[PDB]
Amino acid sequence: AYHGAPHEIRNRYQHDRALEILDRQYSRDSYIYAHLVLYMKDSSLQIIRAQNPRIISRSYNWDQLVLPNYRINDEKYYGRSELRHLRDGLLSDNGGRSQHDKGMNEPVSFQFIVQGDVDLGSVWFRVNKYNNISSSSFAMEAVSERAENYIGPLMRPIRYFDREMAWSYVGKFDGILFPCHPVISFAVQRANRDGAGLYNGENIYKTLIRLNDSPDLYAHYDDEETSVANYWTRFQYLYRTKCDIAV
């Protein structure tokens, strides 16, 4: 028998670290991420990130999606009255006196991205009209469950070291498939392939105590490349550009 040298400890640790990071997403103590990216009429982006170690349920009213808004109030396009009149019309057919069909403050389109060990069967995304009645114009007809809004399979995955680790969905607020004047709701939970649910008797505490684990982050970027440079690549958030590059 012979021994005359060390194993490549440094290299072995590097492999372990690479796997540690690639596989961290499976830990219940890592995060799942949901980004709502709004492409505005000046080509600037408004980014809304939700995150949680376990579960994400979010909704955004029209005035939380337009720019400027009270979270990102860095432009001015309308006086108080003009904005009021506009909203009057977006809520109720012909009920407003606005001279504006659409607002300069309104998004042109969106990209929705979920990242982490997500339960794809839980990925749910619904753009309501301004009036915020689900799948209907009417309160009693309204329905909260529509297969169309379970968008998992319609999404396009983004790969990292050949692993699907994020999923992307995009659309236009041009009224053809999605409302022109949007209200947006979404949800996603982390995958659980085992029997013991994270909302069961013993795990529900942690879920509730961290239900508001992190505030939603709002960000405003000059244009998409700026966000790629200063956000997506920087923070390790997988992202798909207009020209369809996975960054």
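One-based numbering along the sequence shown.
**OP:** Name the higher of the two by mean Cα B-factor in the PDB entry, 155-163 versus 108-116.
**Re:** In the deposited entry, the stretch with the higher C-alpha B-factor mean is 155-163.
**OP:** Identify the stretch, either 6-14 or 225-233, whose C-alpha atoms have the larger mean B-factor according to the entry.
**Re:** Of 225-233 and 6-14, the stretch with the higher C-alpha B-factor average is 6-14.
Subject >> Per the PDB entry, maximal CA B factor within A147, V127, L90, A139 >> reply: Most elevated C-alpha B-factor of the set, per the entry: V127.
Original post:
Which of these has the highest Cα B-factor in the record: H181, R58, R49, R54?
Top reply: If I rank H181, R58, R49, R54 by C-alpha B-factor, first place goes to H181.
Original post:
Lowest, middle or highest third: where is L208 by C-alpha B factor in its chain?
Top reply: Ranked within chain, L208 CA B lands in the lowest tercile.
Subject >> Lowest, middle or highest third - CA B-factor, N73 >> reply: As the PDB entry reports it, the C-alpha B-factor of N73 lands in the highest third of its chain.
Subject >> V143 by Cα B-factor - lowest, middle or highest third of the modelled chain >> reply: For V143, whose C-alpha B-factor we compare with every modelled residue in the chain, the answer is the lowest third.
Original post:
Of the three thirds of its chain by CA temperature factor, lowest, middle or highest, which one includes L19?
Top reply: It belongs to the highest third of the chain when residues are ordered by C-alpha B-factor.
**OP:** Select lowest, middle or highest to describe the third in which the CA B-factor of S27 falls within its chain in this entry.
**Re:** Highest third - that is where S27 ends up once the chain's C-alpha B-factors are sorted.
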